[PDB]
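Structure, as structure tokens:
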Amino acid sequence: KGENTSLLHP
Amino acid sequence: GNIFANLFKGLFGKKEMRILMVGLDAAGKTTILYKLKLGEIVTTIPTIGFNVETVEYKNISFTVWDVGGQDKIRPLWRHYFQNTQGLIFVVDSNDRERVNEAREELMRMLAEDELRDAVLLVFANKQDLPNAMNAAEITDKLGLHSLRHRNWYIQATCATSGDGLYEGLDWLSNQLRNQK
Amino acid sequence: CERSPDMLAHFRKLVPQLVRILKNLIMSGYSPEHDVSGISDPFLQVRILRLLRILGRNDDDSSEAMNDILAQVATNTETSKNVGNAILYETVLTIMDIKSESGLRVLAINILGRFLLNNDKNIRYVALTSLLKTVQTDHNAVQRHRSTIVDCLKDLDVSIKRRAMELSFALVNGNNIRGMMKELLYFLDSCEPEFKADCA
Amino acid sequence: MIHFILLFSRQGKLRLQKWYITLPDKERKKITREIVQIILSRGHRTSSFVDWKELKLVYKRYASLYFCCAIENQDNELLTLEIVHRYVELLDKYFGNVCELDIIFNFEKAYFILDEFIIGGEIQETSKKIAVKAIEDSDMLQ
Ligand SMILES: Nc1nc2c(ncn2[C@@H]2O[C@H](COP(=O)(O)OP(=O)(O)OP(=O)(O)O)[C@@H](O)[C@H]2O)c(=O)[nH]1
Ligand SMILES: [Mg+2]
């Protein structure tokens with residue numbers, strides 16, 4: 001996928 | 001778990017609060033602490049070490065730890081910063097030469113990561129002579145308005161008269177205590 | 001001020017006010033709002049630096065008034081984060097573009113040299129851009145980075161390589177032209193297809 | 001000021017687009033395609049800075065969807081990266097765990113946040129809490 005991941009991971 | 005005992009204690013007053021006594025030497029810090037605790041202007045010897053006392057007002061025991069403004073005691077203010085919740089800075093509006101030193105000491109104290117949760121408590125000491133500045137000129141000179149993330153309040157208090165100490169204590173209680 | 005120069009004199013009277021505002025902002029290094037990566041009001045600091053660089057660029061009074069602020073910012077700012085590096089680069093650019101003191105120019109040159117050795121691609125590009133902008137100004141001081149400029153041509157970054165080539169082209173003088181001719185020919189012979197025409 | 005800011009995914013799909021310069025639709029599409037090709041044809045050690053068409057084409061994506069900016073050669077390069085990071089943080093705070101799927105569904109919200117943050121390519125809200133509070137108040141109006 002790779003879309004549900006947070007843009008900054010915070 | 002049950003918090004019935006805590007609620008019962010808080011119903012009649014349980015919060016105490018804290019306070020600190022810092023500033024330049026001969027800035028009325030000891031006199032301010034004596035007025036807060038006792039209520040009289042008593043002459044004392046220079047604070048070579050530190051003064052420990054407690055003041056109870058509005059059902060809150062705001063203990064004040066006097067710290068001298070001496071060179072040998074200026075770097076010792078970090079020792080009293082541990083286990084301290086409040087800090088009151090006494091400015092010397094009648095000492096123009098020492099005003100810069102007091103501002104630098106306040107900036108150094110406020111520029112420490114350990115002393116971050118303590119709100120600024122600027123007291124305009126020596127507010128009894130015409131040379132003393134107002135509640136805004138002293139703050140502007142000390143840059144109290146630029147202390148971001150710090151609740152700094154400028155109050156003018158005269159050691160001889162004692163006026164403004166109640167207002168400063170109420171402001172400190174409001175800043176610390178956020179209850180009805 | 002940038003649109004027309006008639007308001008430069010009128011807008012130059014507020015130089016002390018801008019200097020005082022910048023000093024107050026620098027003094028308040030901590031703030032819940034606008035404080036990102038340890039820099040409080042980075043946008044405000046960048047705007048102040050840009051105004052100082054563009055204000056009094058051809059006058060001594062404007063540069064002298066902001067000289068102390070520039071000196072304090074060049075030493076009271078940490079470039080560990082991206083905001084600090086950007087602020088330092090903006091201060092260096094303002095000092096170079098204004099009639100600053102010899103010490104300010106030396107500090108800007110040292111900062112540019114230090115940022116040139118940084119392994120970050122963005123930092124290297126910023127250093128190359130600063131060196132290219134400060135080509136005519138402090139040209140003698142830019143000659144100390146001839147080795148860095150030559151090495152930047154062989155860098156694995158297209159932007160970095162272009163910046164290094166531009167710096168080498170702008171640093172060619174009447175004495176290093178003969179020496180730099182061989183380097184330019186070698187770069188053109190072994191350059192990228194999009195840079196071979198530019199190199200020629 | 002920022003000439004145009006567009007958020008494009010790794011596969012080339014564009015999740016956001018905001019150009020501050022009036023350009024033809026065909027010309028704008030060609031420029032966007034060229035920017036996507038340059039970003040899609042650039043490595044991770046290129047410094048995230050490209051001088052395309054005399055514009056500081058700064059590409060810096062913290063996730064699969066990347067972001068691109070186009071500013072004139074009159075300001076520091078780190079300022080654009082700082083502004084992009086601040087905008088990303090503000091969007092994440094406004095939404096909460098912002099992902100690629102949420103960006104597509106919240107395209108109107110993202111556009112409103114971008115408009116309330118930067119207008120005309122220039123910074124309009126230096127603070128991060130004031131802009132968030134204003135966006136929340138505008139959303140609560142209905
Ligand atoms: N007489 C008088 N003294 C004042 C007044 N306001 C501030 N002071 C100062 O308060 C000081 C009282 O001395 P201390 O009890 O030792 O308190 P301090 O100012 O913190 O001095 P140190 O404890 O040595 O740091 C005097 O030396 C004055 O300089 C005032 O209105 N009248
Ligand atoms: Mg004392």
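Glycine gets a Cβ as well: all are built from the backbone with ideal geometry, and neighbour counts include every protein chain shown. Since every read-out is calculated from the coordinates, none of them should be taken as a lab result.
What residue among B:84, B:28, C:140 has its Cα farthest toward the positive end of the dipole of the protein assembly as shown, where the charges are +1 on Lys, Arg and -1 on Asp, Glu, each on the Cβ?
With unit charges placed on the Cβ atoms, the residue in question is C:140.
Give the Cα extents of the stretch C:160-200 along the principal axes, in whole Å, largest first.
Reported extents, whole Å, longest axis first: 29, 18, 12.
Assuming a ≥ b ≥ c are the square roots of the Cα gyration tensor eigenvalues, decide whether the stretch C:129-200 counts as rounded (a/c under 1.5), prolate (otherwise, with a/b larger than b/c) or oblate.
Oblate shape, in that a/c is at least 1.5 and b/c is the bigger or equal ratio.
With unit charges on the beta carbon (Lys/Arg positive, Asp/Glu negative), name the residue among C:95, C:69, C:130 whose Cα is farthest towards the positive pole of the charge dipole of the stretch C:59-176.
It is C:130.
Please compute, for the alpha-carbon atoms of the stretch D:1-80, the extent along each of the three principal axes and give them in descending order in Å.
Projected onto its principal axes, the Cα set of the stretch D:1-80 covers 32, 30, 17 Å.
Rg to Rh for the stretch C:1-123: what is it, with Cα atoms only and Rh by Kirkwood?
Rounded to two decimals, Rg/Rh equals 0.97.
Given the rule -39500 (n - 2.57) for each run of at least 4 DSSP H residues, summed and divided by the residues of chain B, what is its mean residue ellipticity at 222 nm, to the nearest 500 deg cm²/dmol?
-8500 deg cm²/dmol
Can you give me the C-alpha center-to-center distance between the stretch B:52-104 and the stretch C:61-75, rounded to a whole angstrom?
About 34 Å separates the Cα centre of the stretch B:52-104 from the one of the stretch C:61-75.
Please pull out the direction-averaged projected area of the stretch C:1-40, using the convex hull of its alpha-carbon atoms, in nm² to one decimal place.
Over every viewing direction, the Cα hull of the stretch C:1-40 projects on average to 3.8 nm².
From the phi of every residue in the stretch C:160-169, what ³J(HN,Hα) in whole Hz does the Karplus formula 6.51 cos²θ - 1.76 cosθ + 1.60 yield, where θ is phi - 60° and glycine or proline is x?
5, 5, 5, 5, 5, 5, 5, 5, 5, 5
Bin by bin, in steps of 10 Å, what percent of the Cα pairs in the stretch B:65-145 do you find, going until the bin that has the longest distance?
For the stretch B:65-145, the pair-distance distribution reads 17, 52, 28, 3.
Over 26 Å apart: what share of the alpha carbon pairs of chain B falls there, rounded to a whole percent?
Tail of the P(r) past 26 Å holds 26 percent of the pairs.
Kindly give Rg over Rh for the stretch B:118-157, based on alpha-carbon atoms, with the Kirkwood expression for the hydrodynamic radius.
Ratio of gyration radius to Kirkwood radius for the stretch B:118-157: 0.99.
Kindly write out, for the stretch B:5-16 in residue order, the coupling ³J(HN,Hα) from the Karplus curve 6.51 cos²θ - 1.76 cosθ + 1.60 (θ = phi - 60°), rounded to whole Hz, with x marking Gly and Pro.
Once θ is set to phi - 60°, the couplings for the stretch B:5-16 become 5, 5, 5, 5, 5, x, 5, 9, x, 10, 5, 10 Hz.
Non-local amide H neighbours of residue D:4 (under 5 Å, H modeled in plane, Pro and chain starts lacking H): which ones?
D:20, D:70
If you consider only alpha-carbon coordinates, what radius of gyration and Dmax does the stretch B:19-101 have, in Å?
Values for the stretch B:19-101 (Cα only, Rg and Dmax): 12.5, 40 Å.
Treating only the Cβ of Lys, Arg, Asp and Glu as charged (+1, +1, -1, -1), what charge dipole size does chain D show about its Cα centre? Round to the nearest 20 debye.
So the magnitude is around 660 debye.
Please state the charge dipole magnitude for the stretch C:31-147, taken about the Cα centre, from unit charges on C-beta atoms (+1 on K and R, -1 on D and E), reported in debye and rounded to the nearest 20.
Magnitude of the dipole: close to 680 debye.
Pairs of alpha-carbon atoms within less than 8 angstrom and 6+ residues apart define the contacts here; what relative contact order does the stretch B:1-90 have, in percent?
Relative contact order comes out at 40 percent.
Give me the distance between the Cα centres of the stretch D:97-142 and the stretch D:22-89, rounded to whole Å.
Comparing the Cα centres of the stretch D:97-142 and the stretch D:22-89, I get a distance of 20 Å.
Among B:101, D:72, C:166, C:2, which comes first, second and so on when ranked by fewest other beta-carbon atoms within 10 Å?
Result, fewest neighbours first: C:2, D:72, B:101, C:166.
Going by how many other beta carbons lie within 10 Å of each one, how would you line up B:50, B:81, fewest first?
Ordered by Cβ neighbours within 10 Å, fewest first: B:50, B:81.
What trypsin sites (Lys or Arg not before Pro) does the stretch D:1-68 have in DSSP loop regions with at most 14 other beta carbons within 10 Å?
D:13, D:45, D:53
Step through the residues of the stretch C:25-34 one at a time and calculate ³J(HN,Hα) from phi using the Karplus curve (6.51 cos²θ - 1.76 cosθ + 1.60, θ = phi - 60°), rounding each to whole Hz and writing x for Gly and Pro.
5, 5, 5, 7, x, 10, 6, x, 10, 6
Mind sorting C:162, B:78, D:86 by how few other Cβ atoms lie within 10 Å of their own Cβ, fewest first?
Ordered by Cβ neighbours within 10 Å, fewest first: B:78, C:162, D:86.
So what's the gap between the Cα centers of the stretch C:1-51 and the stretch B:125-180, to the nearest angstrom?
29 Å
Viscosity 0.692 mPa s, temperature 37 °C: give me the Stokes-Einstein translational D for the stretch C:58-200 in µm²/s, with Rh taken as the Kirkwood radius over C-alpha pairs.
Roughly 206 µm²/s, to the nearest whole number.
Non-local amide H neighbours of residue D:15 (under 5 Å, H modeled in plane, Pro and chain starts lacking H): which ones?
Long-range HN contacts for residue D:15: D:7, D:8, D:9.
Enumerate the whole-percent occupancy of each 10 Å bin, from 0 to the last occupied one, for all C-alpha pair distances of the stretch D:42-104.
20, 48, 27, 5
Jot down the radius of gyration and Dmax of the protein assembly as shown, Cα atoms only, both in angstrom.
That works out to 28.7, 91 Å for Rg and Dmax.
Once Rh is set to the Kirkwood radius over Cα pairs, what Stokes-Einstein translational diffusion coefficient, in µm²/s, holds for chain D at a temperature of 10 °C and a viscosity of 1.306 mPa s?
After rounding, the answer is 102 µm²/s.
5 Å is the cut-off here: which amide hydrogens, built 1.01 Å from N in the peptide plane, fall below it relative to residue B:63, excluding neighbours closer than 5 in sequence?
Under 5 Å from the amide H of residue B:63 lie the amide H atoms of B:19, B:55, each far enough along the sequence or on another chain.
Could you calculate, for the stretch B:84-125, the ratio of the Cα radius of gyration to the Kirkwood radius, expressed as Rg to Rh?
With Rg and the Kirkwood Rh in hand, the quotient comes to 1.00.
At 1.567 mPa s and 4 °C, plugging the Kirkwood radius over alpha-carbon pairs of the stretch D:79-142 into Stokes-Einstein gives what diffusion coefficient in µm²/s?
D = 107 µm²/s.
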